[PDB]
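The next block holds one structure in the form of structure tokens; read it before the comments.
Number of protein chains: 2
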Amino acid sequence: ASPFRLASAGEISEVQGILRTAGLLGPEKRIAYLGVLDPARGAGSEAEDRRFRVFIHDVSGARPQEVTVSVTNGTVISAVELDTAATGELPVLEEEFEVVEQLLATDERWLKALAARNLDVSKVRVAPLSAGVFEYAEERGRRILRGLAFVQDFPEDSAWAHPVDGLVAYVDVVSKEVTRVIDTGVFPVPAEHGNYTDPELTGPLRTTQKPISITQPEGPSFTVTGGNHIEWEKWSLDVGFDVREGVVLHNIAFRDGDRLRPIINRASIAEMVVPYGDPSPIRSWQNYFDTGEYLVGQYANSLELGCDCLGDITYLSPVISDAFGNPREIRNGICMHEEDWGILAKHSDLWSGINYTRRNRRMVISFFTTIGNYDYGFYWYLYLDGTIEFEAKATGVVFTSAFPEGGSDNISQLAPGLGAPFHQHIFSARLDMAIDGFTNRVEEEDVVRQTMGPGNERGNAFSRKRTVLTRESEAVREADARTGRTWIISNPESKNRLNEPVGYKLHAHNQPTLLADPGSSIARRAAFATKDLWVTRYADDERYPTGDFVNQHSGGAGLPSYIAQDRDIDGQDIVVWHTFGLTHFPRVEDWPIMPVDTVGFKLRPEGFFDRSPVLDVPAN
Amino acid sequence: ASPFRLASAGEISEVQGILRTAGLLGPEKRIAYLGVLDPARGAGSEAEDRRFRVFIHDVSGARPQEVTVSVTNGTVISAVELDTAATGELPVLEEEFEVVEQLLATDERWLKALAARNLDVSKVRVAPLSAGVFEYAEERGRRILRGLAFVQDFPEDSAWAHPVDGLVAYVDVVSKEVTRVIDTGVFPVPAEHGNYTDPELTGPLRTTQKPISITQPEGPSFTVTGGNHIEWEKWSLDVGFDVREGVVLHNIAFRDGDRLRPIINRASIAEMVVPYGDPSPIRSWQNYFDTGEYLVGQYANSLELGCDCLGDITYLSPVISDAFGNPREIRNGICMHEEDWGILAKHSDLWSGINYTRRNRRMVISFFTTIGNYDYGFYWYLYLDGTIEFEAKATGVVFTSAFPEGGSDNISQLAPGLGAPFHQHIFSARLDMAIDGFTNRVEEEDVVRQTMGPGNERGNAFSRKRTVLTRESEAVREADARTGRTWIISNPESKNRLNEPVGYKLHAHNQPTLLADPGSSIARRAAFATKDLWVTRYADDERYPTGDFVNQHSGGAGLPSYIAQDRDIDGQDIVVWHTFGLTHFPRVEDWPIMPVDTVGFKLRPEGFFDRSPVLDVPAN
Ligand SMILES: [Cu+2]
Ligand SMILES: [Cu+2]
Ligand code: NA
Ligand code: NA
Ligand code: NA
Ligand code: NA
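If you read the sequences in order, they're chains A and A'. A prime marks a further copy of an entry chain. For what it's worth, PDB author numbering labels the leading residue of the first sequence as 9, then goes sequentially. For what it's worth, PDB author numbering labels the leading residue of the second sequence as 9, then goes sequentially.
Structure representation (structure tokens):
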């Protein structure tokens with residue numbers, strides 16, 4: 009009955025039938041995106057209408073379409089033809105990945121380049137990568153992928169150990185034409201293998217690890233109702249899944265006494281970009297928008313009990329559409345469980361004689377995605393004390409190149425002749441805030457140092473200052489770790505028992521933002537990544553920081569265009585967009601498979617409650 | 009047989025007998041510090057000599073002494089009389105805490121102040137706090153404590169809820185004189201209780217938490233030999249305990265194949281300071297050096313199975329001396345256990361068809377201390393992949409004051425009439441480095457942004473730069489989060505298989521450092537806390553960043569004095585001192601007992617290994 013329930017296989021099959029009967033899903037059509045639309049603001053009329061948004065690609069070259077369908081009423085609501093030279097191309101299709109390698113295998117320029125290197129074309133894998141927008145006028149309005157080559161010595165070989173540097177090709181995947189093959193010179197193909205399950209490389213496996221057994225004899229403390237509604241230790245929320253964004257959290261609220269208090273209306277990772285910092289023309293165009301260009305949800309892994317998720321695990325298996333509109337289940341794609349989290353609070357008091365210890369726990373909601381060589385885990389945590397935290401875990405195999413003789417300022421050496429170009433992994437969290445309701449405001453809080461003098465005669469005082477962000481034009485903010493800068497989202501019309509506005513404080517990790525020159529193509533296309541914090545006024549159609557159609561978009565879409573409206577955000581329905589990321593200079597220890605590294609952010613209550621919210625936790 | 013073994017009760021009893029027979033431990037003497045001395049550099053002669061350092065206080069006013077004893081040979085090695093106006097007073101004695109309240113209870117000025125407030129002297133607890141050095145000439149060379157008052161309504165009441173603001177007294181604890189009583193005016197004593205076990209405040213306890221059972225059916229994966237030598241998943245180390253520093257880690261090494269490779273010779277938290285930022289004369293002198301002034305090891309808690317430490321726990325029970333030289337065991341004072349730590353590495357490869365997941369674990373070594381209202385947990389973590397991490401956990405009850413009518417720029421309001429002054433909690437980690445041996449150097453690594461232009465035509469390149477710190481005068485460094493600043497400790501004479509020097513990278517949290525005016529007393533006494541990183545040349549007697557005798561020292565001791573020697577640190581035996589801390593603006597949620605907040609740092613291998621060190625981890 010909940011409007012926030014997961015899409016069902018029956019809903020997707022109905023969408024397919026509605027599109028087919030409307031003439032919109034002939035044999036030349038492919039579904040490049042399909043997802044359920046959130047309820048519009050103020051759905052208090054109970055008039056449920058399950059609507060789906062669909063991007064439809066045409067493999068014959070006809071214009072793609074954006075279509076909205078009502079499953080409830082069985083109708084097409086709107087259907088718009090897209091001019092992709094203007095508004096951007098549709099996301100990459102999984103079926104286009106194979107096209108790149110197959111087309112190059114018959115191109116005479118590609119074969120000549122491989123022949124010069126004495127490489128068997130049957131052993132050459134081609135990584136199909138998004139194209140971006142650069143100097144090539146012939147690419148405007150065409151669907152282009154760029155290919156980089158790696159050698160697979162045998163079917164179980166890790167091709168990433170054997171990059172073919174000095175060679176790149178561009179492919180038009182609709183007309184099936186190789187537009188350019190660029191060969192800048194022969195580099196030796198690195199020869200050592202990177203097969204991390206080969207006993208020759210691992211040595212004998214350790215026999216020293218004894219088992220750790222995590223069980224819950226009475227079952228977990230959370231309940232799941234309606235397929236995806238979670239109640240756990242006073243928290244309440246709905247777990248959504250979208251093929252572009254992945255796990256989305258809706259209606260995060262906290263039961264404070266007999267009052268269910270909203271905190272966040274919708275939380276998601278709305279974009280993630282991986283820009284490379286190697287100026288070689290072989291790779292200087294390389295920037296992945298895993299969310300916007302590839303759709304991270306559709307590559308979600310099935311998670312294995314005992315390996316990927318350990319403990320008493322509750323799974324969700326979300327349903328997505330394939331390219332023909334058939335439902336496809338991602339079995340065990342989301343893991344849910346609680347974890348012990350050490351000491352929550354502790355005091356031993358000399359005067360009262362009371363010794364007091366309580367333990368903490370967190371609720372974990374997670375999924376993993378794999379796009380090419382990288383694997384990313386997305387973890388949302390809810391804690392007993394009201395803290396909300398996000399953590400991204402990056403692992404997999406680093407993207408490789410040759411290591412040039414005489415070194416490089418932009419590439420790490422991992423093995424003889426084997427390099428790994430510098431890059432970043434940058435995320436955008438979109439937080440549709442609802443602190444005690446929708447009238448919210450953001451303040452920037454800095455530490456204030458004070459000079460020794462009158463009123464501060466011993467020179468020990470320090471303070472803080474808060475600046476309200478009143479309009480979108482002043483709401484583009486940068487981190488300042490040295491002044492302890494944080495941001496508070498408060499509700500000026502809802503006060504705690506001390507007559508102060510209730511709030512939550514955003515704590516960032518203060519990692520570097522986008523490093524590229526501000527005049528670069530990537531700085532224009534990923535403008536969100538150049539600043540740590542943006543605040544916008546809520547609008548139905550302002551969903552992604554990079555715009556709706558990221559693939560081969562020339563730039564400026566998304567947040568820079570939204571904030572030009574200069575809307576009032578002082579005590580209004582607002583959205584916080586937080587940029588955070590990892591700057592990765594690969595180390596030898598990252599090879600041949602990378603140990604996890606992490607980045608994230610958290611929000612902690614700031615006078616939201618009238619006292620500690622965990623006084624009623626028992627001693628266990 | 010190990011020279012790094014814990015002090016035994018028999019060793020301490022022998023020290024007591026040696027001091028007594030030498031005439032150094034008469035009835036007027038008190039042991040204010042006793043600890044074992046580490047072996048001198050190059051103990052390859054096997055000639056073991058267990059030596060103890062002792063600070064001896066005299067309650068009759070005679071000069072204290074610093075004494076070194078050889079338990080092995082049964083002799084006094086040296087005994088020096090201390091001039092405390094010059095070099096600082098001895099640490100505070102536990103028995104001096106009670107003296108303050110007892111002396112004030114008979115002082116006519118104190119009783120007059122309490123009478124004006126209608127407070128029963130039998131209900132007034134006095135917090136005995138260190139004095140520092142300020143404007144009072146009569147305090148030079150005397151042992152002073154300052155007292156702040158709190159009301160206990162009944163024996164089990166939390167007195168922290170009832171501060172008596174506007175009143176402070178200074179006490180000479182040797183002559184037993186109250187030197188000054190300052191009364192700046194009557195503030196209402198806040199009336200609400202803060203009794204966090206009272207059902208009236210907690211409400212009914214939750215019944216929703218189901219048990220989490222963590223067991224190890226085959227026992228833990230680590231072994232303990234010789235009382236305190238740990239071997240776990242290729243790590244090797246010795247766990248020491250000192251009454252001043254607490255847990256100390258010695259001889260941290262990693263078994264890489266058949267080679268035991270040193271990483272850190274000694275790791276400790278060598279100082280921690282808690283400066284308050286309230287300019288009221290009632291509290292503007294308030295700065296705790298928990299390590300240097302109070303000795304955090306002697307207030308270590310006994311840790312309870314299932315509450316403080318959960319899982320398959322191995323305990324150490326260190327032995328310390330009481331004030332009379334008798335051995336005292338801190339039962340279950342150190343917890344040791346391993347913990348699951350999520351995914352270690354994961355990749356699903358499209359081309360090879362191989363799906364690979366491995367799980368991570370960490371070894372945990374921890375203790376908890378309680379000094380007055382605050383409780384601190386100190387956690388050392390070793391991870392499978394070679395990462396070393398430290399985390400401090402701060403909890404307990406915040407220090408309180410009145411909340412002034414009309415507000416404050418330096419105090420948070422927690423309850424009606426109840427304030428909590430702003431403060432910091434700042435730690436100093438002393439890391440006696442030994443990356444593959446003792447020839448080490450430190451480099452500062454910054455991200456380098458590059459301008460679009462020739463050689464970088466698409467404006468995507470970025471790089472990094474490393475600056476070697478060659479002399480101590482240039483080795484006082486500050487954080488720069490915006491440029492991704494880290495520090496690498498490397499061994500220039502030990503190279504990995506790529507002919508690069510092996511190293512470890514220090515990742516800081518980049519929190520604000522000491523906020524006080526640089527001309528303040530606390531900035532002079534806690535100079536270490538004004539900068540994020542210091543590097544010194546190793547010397548036997550340079551143990552603490554604040555000097556040997558911190559209590560009532562006028563300033564400048566420790567790191568600022570050491571680095572004036574301007575010694576060569578480029579490929580030498582060096583020590584890294586890292587400052588890190590929390591800036592605490594108390595929130596309503598911190599009351600009446602504070603949920604844990606954390607801060608720390610970590611070190612990760614940086615080309616120390618020839619490839620990932622966790623390829624031999626099994627699938628479990
Ligand atoms: Cu990376
Ligand atoms: Cu604090
Ligand atoms: Na355009
Ligand atoms: Na909102
Ligand atoms: Na002095
Ligand atoms: Na050293």
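All residues carry an ideal CB built from backbone N, CA and C; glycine is no exception.
Query, Result
"Is the beta carbon of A261 (chain A') sitting closer than 9 Å to the one on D286 (chain A)?", "no"
"Anything in the segment 312-345 of chain A' with a Cβ closer than 9 Å to a Cβ of chain A? List those residues in chain order, please.", "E312, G314, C315, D316, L318, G319, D320"
"Closer than 7 Å between the C-beta and any heavy atom of ligand 4: which residues qualify, listed along the chain?", "A:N273, A:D440, A:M441, A:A442, A:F446, A:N448, A:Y546, A:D581, A:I582, A:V583"
"What's the C-alpha gap between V281 (chain A) and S130 (chain A)?", "32 Å"
"Between which two residues does the beta strand (DSSP E) holding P136 (chain A) run?", "132-138"
"Quick one, which of A':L101, A':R151, A':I497 has its alpha-carbon nearest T92 (chain A')'s?", "A':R151"
"Could you check if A30 (chain A) is buried or exposed, using at least 16 other CB atoms within 10 Å of its CB as the buried criterion?", "exposed"
"Taking Cβ-Cβ distances shorter than 8 Å, what residues in chain A pair up with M460 (chain A')?", "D525, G527, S528"
"Use the C-beta contact count for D576 (chain A'): other C-beta atoms within 10 angstroms, 16 or more gives buried, fewer gives exposed.", "exposed"
"Do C315 (chain A) and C343 (chain A) have their C-beta atoms closer together than 9 Å?", "no"
"Pick out whichever of A:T187, A:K354, A:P594, A:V372 has its Cα sitting closest to the Cα of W240 (chain A).", "A:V372"
"Name the chain A residues that come within less than 7 Å of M602 (chain A'), Cβ to Cβ?", "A353"
"Whole angstroms are fine: how far does the CA of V88 (chain A') sit from the CA of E508 (chain A)?", "58 Å"
"What residues from chain A crowd round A487 (chain A'), counting only those whose CB sits closer than 8 Å?", "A489, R490"
"Residues in its own chain within less than 8 Å of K184 (chain A) by CB, not counting five upstream and five downstream?", "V107, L111"
"In the DSSP assignment, find the unbroken alpha helix (DSSP H) run with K120 (chain A) in it and report its ends.", "116-124"
"Say yes only if the C-beta of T95 (chain A') is nearer than 8 Å to one or more non-hydrogen atoms of ligand 5, and no if none qualify.", "yes"
"For a cutoff of 9 Å on Cβ pairs, would you count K218 (chain A) as touching chain A'?", "yes"
"The alpha helix (DSSP H) that contains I26 (chain A), what's its start and end?", "17-29"
"Please report the distance separating the alpha-carbon of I571 (chain A) from that of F536 (chain A).", "11 Å"
"At a cut-off of 8 Å, would you count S529 (chain A') as near ligand 8, judging by its Cβ distance to the nearest heavy atom?", "You won't find ligand 8 in this model; what it holds is ligand 1, ligand 2, ligand 3, ligand 4, ligand 5 and ligand 6."
"Using a cut-off of 9 Å between C-beta atoms, extract the partners of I222 (chain A') located in chain A.", "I220, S221, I222, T223, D348"
"With 9 Å as the threshold, decide whether the Cβ of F375 (chain A') is near any Cβ in chain A.", "no"
"Less than 9 Å separating the beta-carbons of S276 (chain A') and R533 (chain A')?", "no"
"Flag this pair as yes or no: are the beta carbons of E143 (chain A) and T187 (chain A) separated by less than 9 Å?", "no"
"Could you check how far apart the C-beta atoms of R479 (chain A') and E451 (chain A') are, in whole angstroms? I think they sit under 8 Å.", "Rounded, the Cβ-Cβ distance is 14 Å, inconsistent with contact."
"State buried or exposed for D444 (chain A), treating a residue as buried only when at least 16 other CB atoms are found within 10 Å of its CB.", "buried"
"Quick one, which residues of the segment 227-250 of chain A are near chain A' if we go by CB-CB under 8 Å, in chain order?", "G227, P228, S229, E241"
"Between which two residues does the beta strand (DSSP E) carrying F12 (chain A') extend?", "It is not in any beta strand (DSSP E) - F12 (chain A') carries neither H nor E in the DSSP assignment."
"Using beta-carbon positions only, say whether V159 (chain A') and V176 (chain A') come within less than 9 Å of one another.", "no"
"Are the segment 593-602 of chain A' and the segment 498-505 of chain A' touching by the rule of at least three beta carbon pairs closer than 8 Å?", "no"
"Quick one: does the C-beta of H561 (chain A) sit closer than 8 Å to a heavy atom of ligand 3?", "yes"
"If I measure Cβ to Cβ from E102 (chain A') and keep anything under 8 Å in the same chain, skipping five residues before and after, which residues do I get?", "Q306, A331"
"Apart from the five residues just before and just after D454 (chain A), which ones in its own chain have a Cβ nearer than 6 Å to its Cβ?", "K473, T491, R493"
"Would you kindly check if the distance between the Cβ of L122 (chain A) and the Cβ of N236 (chain A) is under 9 Å?", "no"
"Quick one: what's got a C-beta closer than 8 Å to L32 (chain A')'s C-beta in the same chain, skipping five residues either side?", "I64, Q73, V75, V84, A87"
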